[PDB]
């Protein structure tokens, strides 16, 4: 492709498959990383890396709570890391025996 030209303007100013610091609705004093899954007319589905998709919610891209990647420095507020690299591992069925990890020693 890449044959021609196509210029347009953004609806709010956000993109998909990107990162952004979102303020936990339930906790306005806590912020974590997010991932723009889908950008609506005037909204954007912010998905918290790890946190069960269910958590995901449609937040206004123009919302004052929404902050760009690096808003922790601007204001100087501490950022909290997302879920563990094992908490997002779903549909993991392990069908096999295991060995006991216990057995002290004394005499």
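Return a whole-number percent for the relative contact order of the chain, with Cα pairs under 8 Å and 6 or more residues apart as the contact set.
Details: 143 pairs, mean separation 23.9, N = 107.
Relative contact order, the chain: 22 percent.
If you wrap a convex hull around the Cα atoms of the stretch 1-79, how much volume per residue is inside, in Å³? Provide the component values of the computation, followed by the final result.
On the way: hull volume 9.8 nm³, N = 79.
Cα convex hull per residue, to the nearest whole number: 125 Å³.
From the helices alone, meaning DSSP H stretches of at least four residues, give me the mean residue ellipticity at 222 nm for the chain, per-run term -39500 (n - 2.57), in deg cm²/dmol to the nearest 500. Kindly include the intermediate steps, with their values, before the conclusion.
On the way: 1 runs with 5 residues, N = 107.
Calculated at 222 nm, the ellipticity per residue is -1000 deg cm²/dmol.
Any chance you could check the Cα centroid distance between the stretch 72-107 and the stretch 21-65 for me, in angstrom?
24
Taken together, the values in this text are just the output of simple stated rules run on the coordinates, not laboratory data.
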